[PDB]
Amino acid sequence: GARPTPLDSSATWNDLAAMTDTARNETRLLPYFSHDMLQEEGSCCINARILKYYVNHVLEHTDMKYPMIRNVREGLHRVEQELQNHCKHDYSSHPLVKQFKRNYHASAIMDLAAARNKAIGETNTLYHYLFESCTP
């Protein structure tokens, strides 16, 4: 499972899969979390901070291409808000969060639309990281 209940909603998973399939019908931006890494205590809040960035930047035409992106973002915002309430430490100062931001910006310079689509396709993977690392 996970703690935030939408992470246990198969409807959200489907929407994210849908998003991925679309984006990819057009290397990685997300930092890679191994199985061992996801078991580490900070992993939940680290990915939650990345989720925050996703809600603000990545999942912000896009409505036309991704009819579900609005509902996904709102759902993801709810998850982020609950996680942030229990994430005592501010992980903006963590290397992996900066990495994403750094790599996303580096990609955005080339092509903003391609960078957005790429990160969008990786949202499903981020959800998986949250699912595993945010279990009590």
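Residue positions are given as counts along the sequence shown, with the first one as 1.
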### Query
From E60 on to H61, does the model leave out none, 1 to 3, 4 to 9, or 10 or more residues of the deposited sequence?
1 to 3
### Task
Could you bin the unmodelled part of the deposited chain lying between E26 and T27 as none, 1 to 3, 4 to 9, or 10 or more?
4 to 9
### Task
Name the higher of the two by mean Cα B-factor in the PDB entry, 16-24 versus 109-117.
109-117
### Mean C-alpha B-factor comparison - 67-75 and 81-89, higher one
81-89
### Task
Would you mind ranking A2 by its C-alpha B-factor against the rest of the chain and naming the third, lowest, middle or highest?
highest
### Query
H94: which third of its chain by C-alpha temperature factor?
highest
